$ cat upload.cif   # mmCIF, C-alpha atoms and all ligand atoms
data_upload
#
loop_
_atom_site.label_atom_id
_atom_site.label_comp_id
_atom_site.auth_asym_id
_atom_site.auth_seq_id
_atom_site.Cartn_x
_atom_site.Cartn_y
_atom_site.Cartn_z
CA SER A 60 52.75 311.67 119.38
CA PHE A 61 55.07 313.03 116.69
CA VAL A 62 52.08 314.02 114.55
CA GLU A 63 51.74 317.15 116.67
CA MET A 64 55.35 318.14 115.92
CA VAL A 65 54.89 317.96 112.15
CA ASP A 66 55.32 321.39 110.50
CA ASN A 67 56.39 322.90 113.82
CA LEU A 68 59.16 324.76 111.94
CA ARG A 69 58.95 327.88 109.79
CA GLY A 70 61.28 330.51 108.46
CA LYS A 71 62.34 332.75 105.60
CA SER A 72 64.57 331.47 102.78
CA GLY A 73 68.18 332.03 103.82
CA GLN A 74 67.34 333.13 107.36
CA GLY A 75 67.02 329.76 109.11
CA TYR A 76 64.27 327.55 110.49
CA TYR A 77 62.69 328.47 113.82
CA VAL A 78 60.41 326.68 116.26
CA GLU A 79 57.98 328.37 118.63
CA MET A 80 59.05 328.15 122.27
CA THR A 81 58.01 329.65 125.58
CA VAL A 82 60.25 330.78 128.38
CA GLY A 83 59.30 331.97 131.85
CA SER A 84 56.11 332.03 133.92
CA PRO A 85 53.67 333.10 132.63
CA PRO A 86 54.94 331.71 129.27
CA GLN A 87 56.63 334.24 126.99
CA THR A 88 56.28 333.21 123.36
CA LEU A 89 59.39 333.42 121.21
CA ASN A 90 60.51 332.03 117.85
CA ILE A 91 63.85 330.21 118.19
CA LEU A 92 66.24 329.21 115.40
CA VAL A 93 66.98 325.49 115.32
CA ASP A 94 70.79 325.38 115.28
CA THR A 95 72.68 322.08 115.27
CA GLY A 96 75.81 324.17 114.72
CA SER A 97 76.04 325.62 118.23
CA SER A 98 75.31 324.65 121.80
CA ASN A 99 73.79 327.68 123.58
CA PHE A 100 70.16 328.46 124.27
CA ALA A 101 70.58 332.18 123.66
CA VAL A 102 67.62 334.51 123.41
CA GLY A 103 67.24 338.24 122.86
CA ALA A 104 66.57 339.75 126.29
CA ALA A 105 66.68 343.47 125.59
CA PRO A 106 65.28 345.80 122.91
CA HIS A 107 66.93 345.58 119.49
CA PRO A 108 65.91 347.26 116.20
CA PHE A 109 65.51 343.81 114.58
CA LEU A 110 63.51 342.36 117.49
CA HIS A 111 59.75 342.85 117.79
CA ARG A 112 59.65 340.67 120.93
CA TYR A 113 62.25 339.70 123.51
CA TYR A 114 62.69 337.66 126.71
CA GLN A 115 61.80 339.73 129.75
CA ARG A 116 63.34 338.06 132.78
CA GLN A 117 61.67 340.46 135.24
CA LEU A 118 58.27 339.26 133.97
CA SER A 119 59.11 335.67 134.92
CA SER A 120 58.39 334.34 138.40
CA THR A 121 60.54 331.28 137.73
CA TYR A 122 63.69 333.04 136.50
CA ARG A 123 66.87 332.34 138.51
CA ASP A 124 70.01 334.43 138.03
CA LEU A 125 73.29 332.52 137.68
CA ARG A 126 75.19 335.75 138.38
CA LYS A 127 77.53 335.13 135.46
CA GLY A 128 78.14 337.05 132.26
CA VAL A 129 79.07 335.67 128.86
CA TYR A 130 80.81 337.38 125.96
CA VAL A 131 80.94 335.84 122.50
CA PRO A 132 82.84 337.77 119.80
CA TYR A 133 83.28 336.34 116.28
CA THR A 134 83.45 337.33 112.58
CA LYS A 137 79.10 339.37 118.35
CA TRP A 138 76.80 338.83 121.30
CA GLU A 139 77.10 339.17 125.06
CA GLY A 140 74.61 338.26 127.75
CA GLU A 141 73.85 337.16 131.27
CA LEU A 142 73.39 333.58 132.36
CA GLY A 143 70.28 332.35 134.13
CA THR A 144 67.86 329.46 134.19
CA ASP A 145 64.09 329.42 133.62
CA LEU A 146 61.29 327.08 132.60
CA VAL A 147 61.22 326.36 128.88
CA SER A 148 58.64 324.61 126.72
CA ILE A 149 58.02 323.86 123.07
CA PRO A 150 54.23 324.09 122.49
CA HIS A 151 54.43 321.99 119.33
CA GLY A 152 57.01 319.62 120.79
CA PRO A 153 57.19 317.12 123.61
CA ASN A 154 54.55 317.76 126.27
CA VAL A 155 57.06 318.65 128.99
CA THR A 156 58.66 321.64 130.65
CA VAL A 157 62.31 321.70 131.67
CA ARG A 158 64.50 324.13 133.54
CA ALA A 159 67.18 325.09 131.07
CA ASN A 160 70.14 327.38 130.92
CA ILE A 161 69.37 330.61 129.11
CA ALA A 162 71.89 333.15 127.89
CA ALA A 163 69.94 336.41 127.92
CA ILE A 164 71.40 338.49 125.08
CA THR A 165 71.47 342.10 126.27
CA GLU A 166 73.77 343.44 123.56
CA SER A 167 74.87 342.19 120.14
CA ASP A 168 76.37 343.23 116.81
CA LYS A 169 75.28 341.71 113.49
CA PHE A 170 73.84 338.70 115.33
CA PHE A 171 70.09 339.05 114.85
CA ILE A 172 68.74 339.12 111.30
CA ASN A 173 66.37 341.81 110.05
CA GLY A 174 62.99 340.25 109.31
CA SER A 175 63.95 336.68 110.19
CA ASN A 176 61.00 336.49 112.60
CA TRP A 177 63.06 334.76 115.29
CA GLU A 178 64.29 336.14 118.60
CA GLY A 179 66.66 333.46 119.91
CA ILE A 180 68.84 330.44 119.10
CA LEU A 181 68.46 326.83 120.20
CA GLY A 182 71.94 325.35 120.12
CA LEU A 183 71.44 321.62 119.73
CA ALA A 184 75.11 320.57 119.62
CA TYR A 185 77.23 319.38 122.54
CA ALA A 186 78.59 321.02 125.70
CA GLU A 187 82.17 321.02 124.37
CA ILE A 188 81.45 324.05 122.21
CA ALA A 189 79.08 325.85 124.60
CA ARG A 190 79.91 329.34 125.88
CA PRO A 191 81.47 330.32 128.13
CA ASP A 192 82.55 326.68 128.50
CA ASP A 193 81.46 323.04 128.64
CA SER A 194 80.07 323.36 132.15
CA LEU A 195 76.99 325.21 130.82
CA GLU A 196 74.68 322.30 130.08
CA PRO A 197 73.01 322.67 126.64
CA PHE A 198 69.23 322.64 126.34
CA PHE A 199 68.83 319.18 124.85
CA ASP A 200 71.06 317.69 127.54
CA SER A 201 68.81 319.24 130.22
CA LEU A 202 65.70 318.03 128.40
CA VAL A 203 66.89 314.44 128.30
CA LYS A 204 68.18 314.45 131.88
CA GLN A 205 64.98 316.05 133.23
CA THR A 206 62.40 314.14 131.20
CA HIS A 207 61.92 310.66 129.74
CA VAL A 208 62.41 311.99 126.20
CA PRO A 209 64.80 309.72 124.26
CA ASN A 210 68.23 311.18 123.48
CA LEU A 211 67.49 311.78 119.80
CA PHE A 212 65.89 314.33 117.51
CA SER A 213 65.26 314.60 113.77
CA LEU A 214 64.95 317.41 111.24
CA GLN A 215 62.96 317.53 108.04
CA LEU A 216 63.68 320.88 106.42
CA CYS A 217 61.55 321.46 103.35
CA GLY A 218 62.48 324.89 102.06
CA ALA A 219 60.07 326.73 99.77
CA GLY A 220 59.39 324.97 96.47
CA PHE A 221 57.09 325.95 93.60
CA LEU A 229 61.79 336.25 100.98
CA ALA A 230 60.09 332.92 100.26
CA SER A 231 58.59 331.24 103.32
CA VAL A 232 59.93 327.82 104.30
CA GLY A 233 58.52 325.04 106.48
CA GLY A 234 59.68 321.81 108.11
CA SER A 235 59.52 319.59 111.20
CA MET A 236 61.67 319.00 114.27
CA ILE A 237 60.75 315.66 115.81
CA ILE A 238 62.07 315.50 119.35
CA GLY A 239 62.65 312.13 120.97
CA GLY A 240 62.09 309.94 117.92
CA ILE A 241 61.79 309.23 114.21
CA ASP A 242 58.61 309.92 112.24
CA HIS A 243 58.43 307.37 109.42
CA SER A 244 55.88 309.43 107.50
CA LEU A 245 58.62 312.03 107.02
CA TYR A 246 60.80 309.91 104.74
CA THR A 247 60.90 307.18 102.09
CA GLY A 248 63.33 304.31 101.57
CA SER A 249 66.00 303.41 104.11
CA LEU A 250 67.84 305.47 106.71
CA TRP A 251 71.62 305.37 106.37
CA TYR A 252 73.81 306.30 109.35
CA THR A 253 77.16 308.01 109.47
CA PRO A 254 79.07 308.04 112.75
CA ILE A 255 79.31 311.19 114.79
CA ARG A 256 83.09 311.43 114.88
CA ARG A 257 83.27 313.45 118.07
CA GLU A 258 80.62 314.94 120.32
CA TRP A 259 81.22 318.66 120.00
CA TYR A 260 79.78 319.85 116.72
CA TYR A 261 77.86 317.19 114.84
CA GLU A 262 81.07 316.05 113.14
CA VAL A 263 81.02 313.51 110.35
CA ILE A 264 83.42 312.13 107.74
CA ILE A 265 82.95 312.51 103.97
CA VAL A 266 84.86 309.78 102.19
CA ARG A 267 84.24 310.79 98.58
CA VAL A 268 82.37 313.28 96.40
CA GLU A 269 81.16 313.19 92.83
CA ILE A 270 79.72 315.82 90.50
CA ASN A 271 77.48 314.31 87.83
CA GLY A 272 78.99 310.90 88.58
CA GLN A 273 82.49 312.34 88.21
CA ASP A 274 84.75 311.64 91.20
CA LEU A 275 86.65 314.76 92.27
CA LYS A 276 89.55 312.35 92.88
CA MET A 277 90.85 314.07 96.01
CA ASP A 278 92.57 312.71 99.11
CA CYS A 279 89.52 312.29 101.31
CA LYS A 280 91.26 314.20 104.12
CA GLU A 281 90.56 317.30 102.02
CA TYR A 282 86.82 316.72 102.34
CA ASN A 283 87.11 317.00 106.12
CA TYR A 284 89.75 319.70 106.40
CA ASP A 285 89.73 320.65 109.08
CA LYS A 286 86.39 319.05 109.92
CA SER A 287 83.00 318.25 108.49
CA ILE A 288 79.80 319.17 110.36
CA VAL A 289 76.04 319.08 109.85
CA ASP A 290 74.69 322.56 110.66
CA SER A 291 71.04 323.61 110.33
CA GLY A 292 72.14 327.12 111.34
CA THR A 293 74.13 327.47 108.13
CA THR A 294 72.23 328.00 104.88
CA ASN A 295 74.88 326.92 102.36
CA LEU A 296 76.86 323.87 101.47
CA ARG A 297 80.26 325.21 102.53
CA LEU A 298 83.42 323.54 101.23
CA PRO A 299 87.15 323.75 102.01
CA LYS A 300 88.96 326.09 99.61
CA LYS A 301 90.48 323.26 97.54
CA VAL A 302 87.22 321.31 97.39
CA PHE A 303 85.15 324.39 96.57
CA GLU A 304 87.35 325.33 93.61
CA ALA A 305 87.20 321.77 92.29
CA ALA A 306 83.43 321.68 92.76
CA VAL A 307 82.78 324.99 90.96
CA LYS A 308 85.08 324.03 88.09
CA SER A 309 83.10 320.84 87.53
CA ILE A 310 79.77 322.63 87.89
CA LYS A 311 80.81 325.44 85.53
CA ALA A 312 81.74 322.85 82.90
CA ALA A 313 78.52 320.84 83.22
CA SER A 314 76.46 324.02 82.82
CA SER A 315 78.77 325.34 80.09
CA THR A 316 75.86 325.65 77.64
CA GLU A 317 74.89 328.84 79.47
CA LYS A 318 77.50 331.18 80.97
CA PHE A 319 77.02 333.14 84.20
CA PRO A 320 78.82 336.06 85.92
CA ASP A 321 81.56 335.28 88.44
CA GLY A 322 79.57 337.18 91.05
CA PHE A 323 77.02 334.39 90.79
CA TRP A 324 79.55 331.65 91.42
CA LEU A 325 80.78 333.69 94.37
CA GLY A 326 77.28 333.57 95.85
CA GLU A 327 76.98 337.33 95.41
CA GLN A 328 75.01 338.06 92.24
CA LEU A 329 71.71 336.31 91.47
CA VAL A 330 70.66 334.59 88.24
CA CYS A 331 67.13 334.83 86.84
CA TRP A 332 64.78 333.19 84.40
CA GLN A 333 60.99 333.52 84.36
CA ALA A 334 58.16 331.25 85.48
CA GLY A 335 59.33 327.65 85.21
CA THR A 336 61.80 328.27 82.39
CA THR A 337 64.77 327.41 84.63
CA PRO A 338 67.05 324.91 82.82
CA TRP A 339 67.63 322.64 85.84
CA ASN A 340 68.93 319.87 83.57
CA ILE A 341 71.98 321.98 82.71
CA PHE A 342 73.21 321.78 86.31
CA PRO A 343 74.81 318.54 87.61
CA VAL A 344 73.88 316.62 90.76
CA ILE A 345 76.28 316.44 93.69
CA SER A 346 76.87 313.21 95.59
CA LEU A 347 78.41 313.24 99.06
CA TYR A 348 79.64 309.89 100.30
CA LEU A 349 79.69 309.68 104.08
CA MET A 350 81.60 307.14 106.14
CA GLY A 351 79.35 304.25 107.09
CA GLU A 352 78.92 302.44 110.38
CA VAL A 353 81.28 299.82 108.92
CA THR A 354 84.88 300.97 108.27
CA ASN A 355 85.35 300.60 104.49
CA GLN A 356 81.66 301.06 103.84
CA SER A 357 79.90 304.25 102.92
CA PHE A 358 76.68 305.62 101.47
CA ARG A 359 75.90 308.66 99.37
CA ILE A 360 73.48 311.51 99.59
CA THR A 361 72.77 312.99 96.18
CA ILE A 362 71.52 316.58 95.91
CA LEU A 363 69.87 318.39 92.96
CA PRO A 364 70.36 321.91 91.54
CA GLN A 365 67.01 322.69 93.16
CA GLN A 366 68.79 322.36 96.50
CA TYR A 367 71.95 324.33 95.81
CA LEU A 368 70.30 327.06 93.76
CA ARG A 369 68.13 328.89 96.30
CA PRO A 370 65.34 331.36 95.39
CA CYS A 381 65.80 334.31 90.51
CA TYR A 382 68.35 332.12 92.34
CA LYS A 383 71.60 332.42 94.28
CA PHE A 384 74.40 329.86 94.23
CA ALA A 385 74.10 328.19 97.65
CA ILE A 386 77.59 326.65 97.52
CA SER A 387 80.39 328.72 99.02
CA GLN A 388 83.94 328.53 100.37
CA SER A 389 84.88 327.65 103.94
CA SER A 390 88.02 328.08 106.03
CA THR A 391 86.62 326.05 108.92
CA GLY A 392 85.97 322.77 107.12
CA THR A 393 82.97 321.43 105.23
CA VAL A 394 79.53 322.62 106.35
CA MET A 395 76.50 320.57 105.37
CA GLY A 396 73.92 323.30 105.92
CA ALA A 397 70.21 323.77 105.25
CA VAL A 398 70.24 323.49 101.46
CA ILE A 399 71.87 320.08 101.93
CA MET A 400 69.53 318.99 104.73
CA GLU A 401 66.49 320.15 102.71
CA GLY A 402 66.69 317.13 100.42
CA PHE A 403 66.47 314.71 103.30
CA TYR A 404 65.17 313.59 106.67
CA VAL A 405 68.08 313.92 109.07
CA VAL A 406 68.23 311.99 112.32
CA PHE A 407 70.53 313.20 115.07
CA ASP A 408 70.84 309.91 116.95
CA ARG A 409 72.81 311.22 119.94
CA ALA A 410 72.10 308.03 121.89
CA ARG A 411 74.02 305.94 119.33
CA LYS A 412 76.46 308.65 118.23
CA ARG A 413 75.29 308.60 114.63
CA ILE A 414 73.46 310.77 112.11
CA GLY A 415 70.87 309.17 109.86
CA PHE A 416 69.91 310.31 106.37
CA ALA A 417 66.90 309.24 104.31
CA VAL A 418 65.00 310.72 101.34
CA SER A 419 62.57 313.36 102.64
CA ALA A 420 58.86 313.22 101.95
CA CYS A 421 59.06 316.95 101.11
CA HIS A 422 62.17 317.27 98.95
CA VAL A 423 61.92 319.21 95.67
CA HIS A 424 62.69 317.44 92.40
CA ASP A 425 61.71 317.27 88.73
CA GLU A 426 60.64 314.43 86.45
CA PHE A 427 64.16 313.28 85.54
CA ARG A 428 66.15 313.36 88.77
CA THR A 429 65.53 313.10 92.50
CA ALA A 430 67.51 313.63 95.68
CA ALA A 431 68.78 310.24 96.85
CA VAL A 432 70.27 308.35 99.77
CA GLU A 433 71.94 305.15 98.57
CA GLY A 434 74.23 302.49 100.02
CA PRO A 435 76.36 300.63 100.51
CA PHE A 436 79.45 301.74 98.60
CA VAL A 437 82.73 300.16 99.67
CA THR A 438 85.63 302.61 99.91
CA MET A 441 88.86 305.29 105.40
CA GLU A 442 89.14 306.15 109.08
CA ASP A 443 92.08 308.11 107.69
CA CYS A 444 89.76 310.59 106.02
CA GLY A 445 89.42 312.23 109.41
CA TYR A 446 91.57 315.33 109.69
CA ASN A 447 92.65 315.08 113.34
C1 LIG A 501 76.91 330.92 120.83
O1 LIG A 501 77.45 331.68 119.76
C2 LIG A 501 76.95 331.40 118.51
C3 LIG A 501 75.83 330.60 118.25
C4 LIG A 501 75.40 330.37 116.94
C5 LIG A 501 76.08 330.93 115.84
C6 LIG A 501 75.64 330.70 114.39
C7 LIG A 501 74.62 331.80 113.86
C8 LIG A 501 75.17 333.25 114.03
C9 LIG A 501 74.16 334.29 113.51
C10 LIG A 501 73.90 334.04 112.02
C11 LIG A 501 73.30 332.63 111.83
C12 LIG A 501 71.99 332.51 112.61
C13 LIG A 501 72.25 332.76 114.10
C14 LIG A 501 72.84 334.17 114.28
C15 LIG A 501 73.26 331.72 114.63
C16 LIG A 501 74.30 331.59 112.35
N1 LIG A 501 75.00 329.35 114.25
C17 LIG A 501 75.68 328.67 113.38
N2 LIG A 501 75.49 327.33 113.17
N3 LIG A 501 76.77 329.31 112.88
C18 LIG A 501 77.72 328.80 111.90
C19 LIG A 501 76.84 330.56 113.43
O2 LIG A 501 77.70 331.40 113.19
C20 LIG A 501 77.21 331.72 116.12
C21 LIG A 501 77.65 331.96 117.43
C22 LIG A 501 78.87 332.82 117.65
#
$ encode --input "upload.cif" --output "structure tokens" --more "lines below"
Ligand SMILES: COc1ccc([C@]2([C@]34C[C@H]5C[C@H](C[C@H](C5)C3)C4)N=C(N)N(C)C2=O)cc1C
Amino acid sequence: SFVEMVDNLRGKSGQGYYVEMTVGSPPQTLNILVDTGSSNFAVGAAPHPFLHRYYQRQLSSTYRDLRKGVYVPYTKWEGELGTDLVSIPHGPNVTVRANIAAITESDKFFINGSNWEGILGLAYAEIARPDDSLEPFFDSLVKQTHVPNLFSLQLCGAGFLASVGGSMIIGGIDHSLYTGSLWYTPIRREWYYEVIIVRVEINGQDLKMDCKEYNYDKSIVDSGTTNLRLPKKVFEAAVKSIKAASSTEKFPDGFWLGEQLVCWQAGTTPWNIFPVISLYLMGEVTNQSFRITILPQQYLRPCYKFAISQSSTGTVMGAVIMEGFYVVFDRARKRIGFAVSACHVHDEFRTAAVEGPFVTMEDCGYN
């Protein structure tokens, strides 16, 4: 019953959504970031100033050492590979033996005060560390249980660091979580959750770009990223258009750079000054697409910060984008569904939307 998975997610604004999990025998309780942007089940397994709890392998009778290290530098974290029994108390009623990367040392990986101690990489083996032979959690879950190869995310944010809530429905779609129709965009390739954006408008105004630019060098849906992140050329075009629309009110550049914050007081925020943003995603039929339309309430995150920023690794549809909608990761049919969320924030003049069809290319993909 999905009803027991409702509101199984919590977090702090800007610091991700986490679900409660247990690992080991007896069960060790840990909060684990839901991350569709990576593919490793990786959990703090040694003391760290930002961790108040951590996985203690020696306390687990069901821990098995894989005798294999793993080192992941970026911008880092290193750990030791093992397997153990994992459950999600407010998830499916099963227990699976899953790969676990036990993080023993890290640098700028954990977040102070996030309240989570590990990461649940929900993307595909191709991008797993150290390599694609380390079966991701969800793969193990499906193989080991009768849980359908699908999960869905309703991220709700805060609404009026702020506390956020949401739901991760594993193995199905909870119709109470959304209104209207679900529209599906193909998963272009099973590594990240890669999709194709075929067009984008700001307040109805088409950015008029070669659609390859929207997916340069790729477009992904990533719960583990807070912001809508856009390729350099698309970002600049987006900000320009947004600056203009909100002209009647000038802000510091630091704000547009996602650095400085902008403040009003108690429901005086002039939301109407900021334009909506429509992302058209490739449909299940070639020259057919649909749009998801987001409000300023989504891309101005709480005083507010500009939750749109520049990317050098392609477009990233992160939390603030997912927060408007109910997002279905239909792995079984290689597609991602979008519908209007039951919990999305909106005012009395505009509302987040998912609408289709809109006729438009397979040539929007950037190899
Ligand atoms: C296996 O290694 C990784 C796993 C996850 C991530 C992150 C990360 C990295 C930090 C910061 C934030 C939250 C959590 C810790 C996961 C994103 N998750 C996403 N989606 N992104 C874009 C990341 O940078 C990064 C790495 C290197």
$ residues_near_ligand --input "upload.cif" --ligand "ligand LIG 501 (chain A)" --cutoff "9 Å" --atoms "all atoms listed in the file" --output "VMD selection string"
chain A and resid 74 to 75 92 to 101 131 to 134 137 to 138 162 169 to 172 179 to 182 188 to 191 289 to 294 394 396
$ atom_distance --input "upload.cif" --atom1 "CA of residue 246 in chain A" --atom2 "CA of residue 220 in chain A"
17.2 Å
$ residues_around --input "upload.cif" --residues "residue 328 in chain A" --least-positions-apart "2" --cutoff "10 Å" --atoms "all atoms listed in the file" --output "list in words"
residues 319, 320, 321, 322, 323, 324, 325, 326, 330, 382, 383 and 384 of chain A
$ closest_residue --input "upload.cif" --among "A:446, A:367, A:259, A:212" --to "residue 281 in chain A" --atoms "all atoms listed in the file"
A:446
$ closest_residue --input "upload.cif" --among "A:284, A:403, A:185, A:427" --to "residue 362 in chain A" --atoms "all atoms listed in the file"
A:403
$ closest_residue --input "upload.cif" --among "A:416, A:404, A:113, A:303" --to "residue 253 in chain A" --atoms "all atoms listed in the file"
A:416
$ closest_residue --input "upload.cif" --among "A:352, A:262, A:408, A:425" --to "residue 337 in chain A" --atoms "all atoms listed in the file"
A:425
$ atom_distance --input "upload.cif" --atom1 "CA of residue 147 in chain A" --atom2 "CA of residue 193 in chain A"
20.5 Å
$ residues_around --input "upload.cif" --residues "range 409-411 of chain A" --least-positions-apart "5" --cutoff "12 Å" --atoms "only C-alpha atoms" --output "PyMOL selection string"
chain A and resi 95+183-185+199-200+203+208-213+238-240+252-262+352
$ write_last_selection --input "upload.cif" --atoms "C-alpha atoms" --output "PDB file, in the coordinates of the input"
ATOM      1  CA  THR A  95      72.680 322.080 115.270  1.00  0.00           C
ATOM      2  CA  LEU A 183      71.440 321.620 119.730  1.00  0.00           C
ATOM      3  CA  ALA A 184      75.110 320.570 119.620  1.00  0.00           C
ATOM      4  CA  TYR A 185      77.230 319.380 122.540  1.00  0.00           C
ATOM      5  CA  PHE A 199      68.830 319.180 124.850  1.00  0.00           C
ATOM      6  CA  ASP A 200      71.060 317.690 127.540  1.00  0.00           C
ATOM      7  CA  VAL A 203      66.890 314.440 128.300  1.00  0.00           C
ATOM      8  CA  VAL A 208      62.410 311.990 126.200  1.00  0.00           C
ATOM      9  CA  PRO A 209      64.800 309.720 124.260  1.00  0.00           C
ATOM     10  CA  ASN A 210      68.230 311.180 123.480  1.00  0.00           C
ATOM     11  CA  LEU A 211      67.490 311.780 119.800  1.00  0.00           C
ATOM     12  CA  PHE A 212      65.890 314.330 117.510  1.00  0.00           C
ATOM     13  CA  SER A 213      65.260 314.600 113.770  1.00  0.00           C
ATOM     14  CA  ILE A 238      62.070 315.500 119.350  1.00  0.00           C
ATOM     15  CA  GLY A 239      62.650 312.130 120.970  1.00  0.00           C
ATOM     16  CA  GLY A 240      62.090 309.940 117.920  1.00  0.00           C
ATOM     17  CA  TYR A 252      73.810 306.300 109.350  1.00  0.00           C
ATOM     18  CA  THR A 253      77.160 308.010 109.470  1.00  0.00           C
ATOM     19  CA  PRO A 254      79.070 308.040 112.750  1.00  0.00           C
ATOM     20  CA  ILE A 255      79.310 311.190 114.790  1.00  0.00           C
ATOM     21  CA  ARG A 256      83.090 311.430 114.880  1.00  0.00           C
ATOM     22  CA  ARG A 257      83.270 313.450 118.070  1.00  0.00           C
ATOM     23  CA  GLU A 258      80.620 314.940 120.320  1.00  0.00           C
ATOM     24  CA  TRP A 259      81.220 318.660 120.000  1.00  0.00           C
ATOM     25  CA  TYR A 260      79.780 319.850 116.720  1.00  0.00           C
ATOM     26  CA  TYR A 261      77.860 317.190 114.840  1.00  0.00           C
ATOM     27  CA  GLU A 262      81.070 316.050 113.140  1.00  0.00           C
ATOM     28  CA  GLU A 352      78.920 302.440 110.380  1.00  0.00           C
TER      29      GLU A 352
END
$ axis_aligned_box --input "upload.cif" --around "range 322-340 of chain A" --padding-each-side "8 Å" --output "JSON"
{"center_x": 69.5, "center_y": 329.0, "center_z": 89.1, "size_x": 38.6, "size_y": 34.2, "size_z": 29.5}
$ atom_distance --input "upload.cif" --atom1 "CA of residue 275 in chain A" --atom2 "CA of residue 318 in chain A"
21.9 Å
$ closest_residue --input "upload.cif" --among "A:70, A:86, A:434, A:445" --to "residue 234 in chain A" --atoms "only C-alpha atoms"
A:70
